[PDB]
Structures are given as C-alpha cells and as structure tokens.
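Residue-level listing of the chains:
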Amino acid sequence: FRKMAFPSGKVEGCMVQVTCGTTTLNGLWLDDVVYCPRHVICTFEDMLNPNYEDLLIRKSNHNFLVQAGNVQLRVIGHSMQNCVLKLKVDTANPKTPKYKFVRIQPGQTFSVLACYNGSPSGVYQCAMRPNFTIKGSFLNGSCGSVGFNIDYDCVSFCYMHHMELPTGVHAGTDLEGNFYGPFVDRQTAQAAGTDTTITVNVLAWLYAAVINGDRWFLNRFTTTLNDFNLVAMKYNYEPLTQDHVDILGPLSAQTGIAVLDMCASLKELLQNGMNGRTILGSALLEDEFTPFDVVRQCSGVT
Amino acid sequence: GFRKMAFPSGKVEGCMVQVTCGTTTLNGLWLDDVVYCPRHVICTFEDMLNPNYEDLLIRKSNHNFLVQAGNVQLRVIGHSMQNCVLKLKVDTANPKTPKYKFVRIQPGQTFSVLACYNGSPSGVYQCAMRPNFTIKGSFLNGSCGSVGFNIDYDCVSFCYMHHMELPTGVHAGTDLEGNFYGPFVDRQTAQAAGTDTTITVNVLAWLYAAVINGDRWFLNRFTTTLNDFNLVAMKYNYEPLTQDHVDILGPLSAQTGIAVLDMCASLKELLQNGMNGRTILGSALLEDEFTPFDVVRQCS
Ligand SMILES: *[C@H](O)[C@H](C[C@@H]1CCNC1=O)NC(=O)[C@H](CC(C)C)NC(=O)OCc1ccccc1
Ligand SMILES: *[C@H](O)[C@H](C[C@@H]1CCNC1=O)NC(=O)[C@H](CC(C)C)NC(=O)OCc1ccccc1
C-alpha cells in the first residue's frame, strides 16, 4: 500500500500569491474571492504580538498585491473572517472547480498542495492527528497552501496552512479561518498536546490486510464498543465514535468481519504485541490510511 | 518535516485520454496531435496470452481505435508502432500540451506516477526505478498507459508508461519510446524479476534528511573507506557507492557537517546491528526511494 494523493490539477488552477509590504504567501482564488492567511498583513515585528483588527484598519484595497503568476488581480474589497482574509478581486477565476468548504475530524486524511509564491511545488497525503497537528513538509513561504479531498470532480477544501510548531509538526485552519486545535496565529511558544494513535485507521489497515489474505490476527473474541474504548485509551489509542463504526461498514461487509470482532482482534495485538510477526509486511500498525483510503486504493475511483 | 512528495500533476492530467480497441480499454497520453499508449490495446483479452504484435497491427484500421478526451471523441487519422508503444495520430491538437521531453531514467532515480482509469486521473504518488527495473506501484486493471514524470521549470519529462503487474505485485513498463525497463515483455505470462538490491546513495540521502530533521540516533564516531564500505554493502545486497555518488551527496554533507564516509560508517553499523526497534523518520526500515535531489528540494 502507498499513500496516494489526489490529482492536484483542479487546485493548481486556483493558487495565487498575495503580498503586503514584503510578506508574500499563497492564496486560493475561487470565483472572484482570494482566501489567504491573515498574517500576510503583519510585519515580522508585528507577528510576535499582533492586533489583527488594528492592522487591518491600516490596510486599503490598494495595499494588497494579488498575482496569478506575474499577472496582477485588482483587489476591490477586503474582509477578515476569523484567521483568514478574503480579498474580493475584479476577475472570476475561469479555472474555479466545483468546490465545498469542509471542516475535517482528526484521523481524516487529505492531499496537501505545497506552494511557494503562488507556484505549486509538490503534493502529498497528510492525516489530521488527534492533537490537531499534521506531520507536513513546509518551508518559509508555504502559508496559504491548502489541503483537500476530491469526490467526483467536487473539491472539498479542508485545510489552509499557517504555522510550524517547535516539534516540527504543522497547524492551520479550515477555509473559514478557524484553527484546528488550540493554536493561534502568533509567533509565540505553542506546544502540540500529547498525540494518540488513530484507532479507526489502524482498523482500516487491518481490514486491508485481511482483503489481501493476511489474517493471522483474526481471533475468536468480540468486545463491546465501550469496553474497547476504555482499554484502547490505556494504550494511547483514540476511542471510537459512532461515526467511526459506520465508516468501517463497507470494509466490514467486504471481508465479513464484524467491526467489534476486529476491535477485539486489535485489543489482543495491543495487550500481547505482534510477537515478531508482521502485517502487510510491517511490524508497525499504520494509522494514516482511512477506511475511504483503503477502498479508494482497492477500487478504481477517478 | 520530510514526506514522500510527488510533483503537481495538473500538466499531465490535461494530456490523459481513453483509448479503446474492441473490448480492451486503457489510457493514452495526448501531446500535440499524437496519442501514445501501450500497444496491447490492440489485443483481445485472448490475444494477450501470446501476441504477435506486427501481425495484429497490420490487420487494424484507423477506425478500430476509439480515442475519447473527456466526453469528446478524437478521430484517428494515422497509426504506427514504436516498440511497445502505439502512436495514434489524431485530427485535433491538444491545447493543454505542456513543454515536454521523453527521457529514459536510470535505476535509483525517482518520478511521479499519475494513476489513471478510463482516461481520468485517480491518484498521484512517487516511485523509484528499482535496480532490477521494477517499480513498486499501485496500479489496477485499466491503469495501463498511466505515465511517470518529473517536472523542471514547467517542462515535463516523461520517463515511464505502465504496462503490467508481476506475480509478486511489483510493476513493469516502458519509456515513452516503447522500450521496457528490465527483461520483461508485453505478454500475459508470469514473469519474474532479477533479485532486487537496495539503492545505497538514496539510503544515505535519506539518513541526511533525518539529520536535517533533527534526528541523530544512528550516527557514530567510526569511519570507513569507500572500498571497505562497498564490501559490506555488497554483502547486504546494497548497490555499490561510486565516487560520483559521494560527490552528489556533497551539498547534504556540507549542510549537516557530516562527511559522506562518516554517514557510510553510520549505515554500515545500521546494516550489521539493525535498528533494534528504533525508527528513522517514523520508519522501521531503511528507506531507499529518495534521491539526493529529492532531499535537497524538500529540505531547502
Ligand atoms: C507561513 O509561510 C509560515 C509557515 C512556516 C514557515 C516555517 N515552516 C512553516 O510551516 N508561518 C509562519 O512563519 C508563522 C506566522 C505566525 C504569524 C503564525 N510563524 C511560525 O510558524 O512560527 C513558528 C515559530 C514560533 C515561535 C518561535 C519560532 C518559530
Ligand atoms: C493494463 O491495464 C494492465 C495493468 C495490470 C492490471 C493488473 N495490475 C496491473 O498493473 N496490464 C495487464 O493486464 C498486462 C497485459 C499485458 C502484459 C499484455 N498483464 C498483466 O499485467 O498480467 C501479468 C500477469 C502475469 C501472470 C499472471 C497474472 C498476471
């Protein structure tokens, strides 16, 4: 199995650069609005302790340089929504895809289109960790790069990049500017809370193993969801939600293995280990494949 | 941070089409007025078992090829065969053709794959040409004609077209000139690859990436000569490290202050002792599908 990103072309067509003063980052151009992180309006000195409402009062439409490549897009209005700036421009992007704005849950995965100066540089799969960080790959100038999923030509944007935490993981917002997790867009000392393993995704990977014929771990036990959740937390595993049980439905049906039966199989792995054996060729339980990712890879969805 | 990252696929997405001959369907690459696709599209499901391609091709007409770009059919006005690749001349030029080149990559080099089905892009991921000329892909029925590529300043360098899956689950294909990487043939028969080896220069590049990313547990105070390292590498089915490789690792050594032969001593310890259940960049195994260039591009 490999981490497979979505094709990025529909998003590539929406990336622009936004500059204020000498601070340049990326923005997302959909119809006649450009979305970008609000700290574009900060000087380096401002970022330590910014008063964003006051900083925005000192900015006019003509203070914003928005460029598609080297081509300027005239700003005709501006507003701030939470941690994102919305710059109304005088041109509707002809490459705007069908799109939605969505707020994802921990455990969900998405493709990141890493960009610099409005120019796409690479694409990779990320998972939202339970502590609301992502283990990304971002350098200076990457803010405003977005994360997304695609379903049948509709792009669901879920992440906009804002910052790096001292442990080297990354934090950001949805496209309404609301941070994932307890982070704020100030250049202050912030720490990601203790992370946990994404149980629903480990279960998805056990189903993927079963589908490919690797099933030694299937036991003769079962469990209740509550009993499992209480034990899983003792092993630094996330508890399962009703939604998690439901999204495992299709893999459960495909393999004929009840979700709570697989939970009991995982519990044995946690209480006794792997005892030298492997699953899908690995001694470690992978937790960044969602049940959708497993079915997406085993099917030919485009 | 450090991830396996692919090139943005938009420039290639605009070139993918569907090609059908009878009941066989796969993908094609549309550049200017030509569509490139694997020649086994002309085979029936049963022809595939043992095809004679020149004999099968002379019996086809232009109208036997159905090329669809999205919903729109392109009319085939000519066809030729170049090795294992069919070149279909269409009456329409692709307005989305990027600046491009056809290249044949070297074992150990990496490229992005755009997996497609029925002419529609499905996923993108990074692959390496293994020393035994297989790739570890993720491809299903209908993925043939999917391409691999690298992108440099808006010029797309096409290096791979997908043709088949081996019994072991690894994959084989050709360059855009139709010549297979490796000793494989486009016939529906079980084929084995030569014994694979590990790409040593890539493992070292990845160890330098782990250092850049503030990880050092595997480093040591020992040192080694190039020849003494290659003796141990060969013993562990690793590829030889050349002076050219040592040179290519130069920038990464200067950035980290770790001489190449010092990183070699580190890797030799890793090979003879194992990782003892520790991990490097979240991995339990030594990763060999990042080139030195891949590490530099992502780390700087
Ligand atoms: C936006 O491009 C940038 C992305 C960072 C650059 C390095 N890797 C990244 O992901 N974001 C920032 O520079 C961000 C701006 C604040 C106003 C949110 N600041 C930041 O990430 O600082 C981290 C930091 C905090 C405290 C001390 C030292 C560094
Ligand atoms: C083209 O879409 C397809 C890609 C395969 C399909 C399964 N996964 C893939 O990557 N290629 C073929 O179907 C190919 C046809 C030519 C060799 C004529 N055949 C193939 O990959 O099967 C090889 C094989 C050998 C022995 C047993 C089973 C399969």
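**Student:** Would you explain the sheet that holds strand β5 (residues 72-74) of chain B in this entry?
**Tutor:** Pairing between sheet strands relies on hydrogen bonds along the backbone, with the strands arranged either parallel or antiparallel. Residue and element names in this part refer to chain B. Judged by pairing direction, the sheet is antiparallel, and its seven strands sit side by side in the order β5-β4-β1-β2-β3-β7-β6 without closing on themselves. Both edges of this open sheet fall to β5 and β6 (76-82), since each of them pairs with a single strand only. Taken pair by pair, the neighbouring strands of this sheet meet at an average axis angle of 30 degrees, ignoring direction. In this structure, strand β1 (residues 16-21) lies alongside strand β2 (residues 24-31), joined through six bridges in antiparallel fashion. Within β2, the residue paired with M16 across the bridge is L29.

**Student:** Please explain the site of ligand 2 as it appears in this structure.
**Tutor:** Residue and element names in this part refer to chain B. In the vicinity of ligand 2 there are 18 residues, among which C144, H162, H163, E165 and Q188 approach most closely. Between an oxygen atom of ligand 2 and a main-chain N or O atom of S143, the distance comes to 3.3 Å. The contact in question runs from an oxygen atom of ligand 2 to an N or O atom on the side chain of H162, over 2.7 Å. Taken by itself ligand 2 offers 650 Å² of open surface, and the protein chains cover 79% of this.

**Student:** How should I be thinking about the site of ligand 1 in this particular structure?
**Tutor:** Residues and elements named next belong to chain A. Every one of the 17 residues lining ligand 1 counts as a neighbour, but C143, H161, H162, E164 and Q187 are closest to it. Between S142 and ligand 1, the recorded distance is 3.4 Å, taken from a backbone N or O atom to an oxygen atom. Between ligand 1 and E164 there is a distance of 3.0 Å, counted from an oxygen atom to a backbone nitrogen or oxygen. Contact with the protein chains hides 76% of the accessible area of ligand 1, taken as 660 Å² for the molecule alone. By residue number, the principal contributor to the shell around ligand 1 is strand β12 (residues 154-164), which donates four residues.

Criteria and cut-off values
Within each chain the numbering goes from 1 in written sequence order, not necessarily matching the entry, and residues lacking coordinates are not shown. Each chain gets a letter, beginning with A, and each ligand a number, beginning with 1, in the order they are written. Each side-chain value is derived from all of the structure's non-hydrogen atoms; neither hydrogens nor water enter the calculation. Residues with missing side-chain atoms are left out of burial classes, side-chain pairs and their counts. Strands qualify as paired when DSSP identifies two bridges or more between them. Secondary structure is summarised from DSSP: a helix means a run of H or I of at least four residues, a strand means a run of E of at least two, and numbering begins at the N terminus for each. Simply put, an axis is a line fit to the C-alpha atoms, just over the touching stretch for a helix, and the angle between two N-to-C directions goes from 0 to 180 degrees. The nearness test applies per residue and asks whether one of its heavy atoms lies within 4 Å of the molecule or strand. Under this definition, polar contacts are N or O atom pairs within 3.5 Å; protein pairs additionally need one hydrogen-donor-capable and one acceptor-capable atom, and for neighbouring residues in sequence, both atoms have to be side-chain atoms. Reported accessibility uses the Shrake-Rupley method at a 1.4 Å probe radius. Residues are deemed covered only where the shown protein chains occlude them.

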